[PDB]
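Asker: Before the rest arrives, take these chains from my complex:
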Amino acid sequence: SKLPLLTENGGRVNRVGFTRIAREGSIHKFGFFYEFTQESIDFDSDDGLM
């Protein structure tokens, strides 16, 4: 029922259109940290703690 049939006289028939889509994506910021004192390093039993 929707075939683009064309008669012997042509005319303004079977016009079509087109479409496009847009994708998107963003970036975000991350981070974390830890603190320590000098005594927690020098007086600790394990010298490989850091």
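Answerer: Yep, it's here. Residues are numbered from 1 along each chain as shown, chains lettered A, B, ... in the order given.
Asker: what about residue A:38, distance to residue A:10?
Answerer: 91 Å (Cβ to Cβ, to the nearest Å). To be clear about C-beta, it is placed using only N, CA and C from the backbone, and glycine gets the same treatment.
Asker: same question, residue A:40
Answerer: Remark: distance between residue A:40 and residue A:10 (Cβ to Cβ) = 89 Å.
Asker: The two: who's more crowded?
Answerer: residue A:40 (11 against 7; other Cβ atoms under 10 Å).
Asker: which ones are touching the more buried one?
Answerer: By Cβ atoms under 8 Å, 6 or more residues apart in numbering, the contact list for residue A:40 reads residue A:49.
Asker: Further, place chain B onto the existing structure:
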Amino acid sequence: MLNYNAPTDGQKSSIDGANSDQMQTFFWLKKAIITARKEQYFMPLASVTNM
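Answerer: One more chain to add, chain B, which I have set with the ones above:
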């Protein structure tokens, strides 16, 4: 803050949990303190007669 705290007083360091502690809380000075032998004053005064 990661603190050493005072392990010898029961204040654990931040790194140690409920089932951990400092392996070396003190340094052992291996030279012990000893007293000298008491002096003798009467033993040198004794003459010896063989039995």
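Asker: once more on the contacts of residue A:40, this time with chain B?
Answerer: By Cβ atoms under 8 Å, 6 or more residues apart in numbering or on different chains, the contact set of residue A:40 is A:49, B:2, B:3, B:4, B:13, B:14, B:15.
Asker: which among those end up buried?
Answerer: B:2, B:4, B:13, B:15 (16 or more other Cβ atoms under 10 Å in any protein chain shown).
Asker: now, which of those lie within helices?
Answerer: Using DSSP state H, no member of the buried ones among the contacts of residue A:40 falls within helices.
Asker: if we can go back for a sec, spatially, which two of the contacts of residue A:40 are the most separated?
Answerer: A:49 and B:3 (12.9 Å; Cβ to Cβ).
Asker: returning to what we had before: which member of the contacts of residue A:40 is positioned nearest residue B:40?
Answerer: The nearest member of the contacts of residue A:40 to residue B:40, counting by Cβ to Cβ, is residue B:4 at 51.9 Å.
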